[PDB]
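1. PDB entry and its sequence, pasted below:
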Amino acid sequence: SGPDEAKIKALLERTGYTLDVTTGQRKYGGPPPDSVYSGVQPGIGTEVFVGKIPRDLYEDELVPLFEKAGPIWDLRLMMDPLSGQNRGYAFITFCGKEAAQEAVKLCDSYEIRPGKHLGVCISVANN
């Protein structure tokens with residue numbers, strides 16, 4: 001297990017996004033390169049929750065899929081600091097509401113690995 005360093009490296013060389021690893025989290029972009037998006041942090045309705053991510057799957061797989069909805073502002077893959085695998089979920093901020101809704105339409109139930117379907121929804125606050 002663990003992310004494939006070569007695959008991650010080629011991803012960042014292709015897209016130019018930053019990738020910052022902290023305890024419990026991998027943050028892709030946030031902000032993206034301003035060539036992708038200049039502007040204030042995207043607001044309400046622009047973030048999706050992505051669940052049921054296979055625990056050994058990392059950004060080299062997630063980013064090309066969700067880029068099909070639109071340009072990514074940030075991707076935060078939550079990590080288990082004890083196992084060094086991801087926690088099974090991530091938050092993805094897009095640059096607009098329309099792209100976030102497109103991520104739900106395209107990627108909710110997407111079979112990213114055999115037998116493993118993602119759950120995707122607009123991330124909203126509780127009450």
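-> Arrived safely, thanks for sending. Numbers count the residues shown, from 1 in each chain.

2. so residue 60 sits against residue 3, correct?
-> Yes: between residue 60 and residue 3 there is a contact at 7.4 Å, judged by Cβ atoms under 8 Å. Heads up, the C-betas are built off the backbone N, CA and C, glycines and all.

3. between the two, who's got more neighbours?
-> Neighbours were counted for residue 60 and for residue 3 using other Cβ atoms under 10 Å; residue 3 has more, 21 against 18.

4. strands along the chain, start to end?
-> Using DSSP state E, the strands of the chain run over 19-22, 25-29, 47-51, 72-79, 86-94, 111-113, 116-117, 119-122.

5. quick one, which of those is nearest to residue 105?
-> Comparison of those against residue 105 by Cβ to Cβ identifies strand 119-122 as nearest, at 8.9 Å.

6. sheet-wise, list the partners of that closest one with their directions.
-> Here strand 119-122 has these sheet partners by DSSP bridges: strand 47-51 (antiparallel).

7. residues in contact with the partner strand?
-> For strand 47-51, the external contacting residues (Cβ atoms under 8 Å, 6 or more residues apart in numbering) are 62, 66, 88-94, 100, 103-104, 107, 118-123.

8. ok, the residue positioned nearest the centre of the chain - contacts?
-> Closest to where the C-alpha atoms of the chain average out (Cα atoms, centre = their mean) is residue 75, at 3.5 Å. Residues near residue 75 by Cβ under 8 Å, 6+ apart: 27-30, 59, 62-63, 66, 90-93.

9. show me what it is bridged to.
-> residue 28, residue 92.
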